[PDB]
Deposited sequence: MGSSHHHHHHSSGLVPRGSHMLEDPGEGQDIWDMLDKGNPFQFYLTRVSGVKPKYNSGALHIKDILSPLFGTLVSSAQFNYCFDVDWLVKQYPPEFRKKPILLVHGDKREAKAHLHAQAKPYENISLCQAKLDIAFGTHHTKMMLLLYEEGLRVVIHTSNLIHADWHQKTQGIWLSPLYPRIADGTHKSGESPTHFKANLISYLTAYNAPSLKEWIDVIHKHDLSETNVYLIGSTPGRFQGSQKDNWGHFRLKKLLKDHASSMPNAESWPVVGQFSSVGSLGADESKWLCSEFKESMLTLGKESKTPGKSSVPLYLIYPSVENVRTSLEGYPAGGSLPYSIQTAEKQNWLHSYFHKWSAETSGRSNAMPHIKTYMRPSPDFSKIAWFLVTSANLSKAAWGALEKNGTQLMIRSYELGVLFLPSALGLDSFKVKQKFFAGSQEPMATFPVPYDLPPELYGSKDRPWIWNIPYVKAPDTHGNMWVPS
């Protein structure tokens, strides 16, 4: 398996659907290596739950929490962590407003080497229970022989890209992790790192982050050949008064680069209502009425969540994926799993028009490029050399009575799976 792309375990589906899936307990297990230290980058944390996901033998080993919390929320997280002597925290500077530290990554240092995990789940019980989530597992990276001179770099430049990503934080405790990475051989890595980092970027630096990073990687490492772009996510930024402000202009332009139908997959009310969680799935799908009412044009790009291929049509998506299928969806030019939702905050927007890219948040993803495997395209694995696309193709359009799930309005005409209504406030 050259991909090492996985879904999380979903509670309440048949065991056959969890056979190739991983729980956080699986990732942290002694079978994955003899843990010495770990860093956990995320947005939301439940420290008590988190510490229990580590096996008993590893629970006292040092853990770093990399979060973006401020003020009182910062205090609460510190309070939450206080009991656990072995836990430190690193607050990621969020200088631009409406930015979040959204990246989901684990750095796992073991006796036998190093592992990097990039995924889509918050570190809270609910994100790993009945959600469709994604995970990329690096190989076990060996330590570089104390007597030798080598870069430990891959053809995808992953090691140097991860180090730059970590460097942008400008944080003391990450420098230690940067130095651990320096010591290790990451040359077997076959994915490309796509990061977002808060700032305003100019010159050659435009290419470093966000969708421009993607544009660049697709220019240099894909080739040209009516191939649709598919984008799938769980949160929706304010995109502008029409598609030309951002969506089809700079964002789709980046996505269509190589060497055009746009499908966007976002759960409908109906998807959420009849899900395994019911309406409380929508607590993880924060599309507000305020933002939605500003951009009604967007919703005609919207397609339902369907995932019979992976038995997860009723496990609401918290995964975020972007890809470029052929016209019949039998193959793809590339695949991206990432923390980046459909927002300017996450992907970046052009300022002082043309000259500046403005990114608000920290985001991280891995891009699977056929060229990194020596191929021209991947075949889509129909039932979750052939990439495991975790939802159904082609994506199905919203029916005329469907609406996008919007989290802050009531749904009281029909009960959900659990016979409840949804009344926010």
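Deposited positions without coordinates, collected into consecutive stretches in sequence order: Several stretches lack coordinates - namely 1-38, 264-267, 302-311, 437-444, in sequence order.
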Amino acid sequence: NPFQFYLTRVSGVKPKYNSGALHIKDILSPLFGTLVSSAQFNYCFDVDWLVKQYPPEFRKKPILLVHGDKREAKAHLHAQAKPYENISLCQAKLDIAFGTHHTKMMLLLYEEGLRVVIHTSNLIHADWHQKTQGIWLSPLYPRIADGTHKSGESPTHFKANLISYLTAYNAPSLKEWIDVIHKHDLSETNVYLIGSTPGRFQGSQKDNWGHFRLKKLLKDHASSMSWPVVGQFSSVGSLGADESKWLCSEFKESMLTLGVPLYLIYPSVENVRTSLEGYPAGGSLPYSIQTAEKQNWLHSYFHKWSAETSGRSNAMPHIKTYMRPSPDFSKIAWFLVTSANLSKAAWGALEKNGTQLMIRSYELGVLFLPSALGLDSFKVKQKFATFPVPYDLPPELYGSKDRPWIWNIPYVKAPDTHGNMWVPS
From here on, numbers count along this sequence of modelled residues.
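Residue range whose averaged C-alpha B-factor is higher in the record, 334-342 or 73-81: Taking the mean B-factor of the alpha carbons in each, 73-81 is higher.
Higher-scoring stretch by recorded Cα B factor average, 268-276 or 214-222: 214-222 has the higher mean C-alpha B-factor.
Top residue by Cα temperature factor, when 109, 124, 258, 137 are compared in the entry: Comparing C-alpha B-factors across 109, 124, 258, 137, the maximum falls on 258.
Of the residues 285, 181, 292, 116, the one carrying the largest Cα B-factor as recorded: The record points to 292.
Residue 317 CA temperature factor, ranked by third within the chain: Tercile = lowest for this residue's CA B-factor.
Ranked C-alpha temperature factor of residue 48 among modelled chain residues, by third: For residue 48, whose C-alpha B-factor we compare with every modelled residue in the chain, the answer is the middle third.
Relative C-alpha B-factor of residue 412, binned into the chain's lowest, middle or highest third: Middle third by C-alpha B-factor.
Chain third (lowest, middle, highest) by recorded CA B-factor, residue given as residue 41: Ranked within chain, residue 41 CA B lands in the lowest tercile.
Residue 389 by Cα B-factor - lowest, middle or highest third of the modelled chain: Its C-alpha B-factor belongs to the lowest third of this chain's values.
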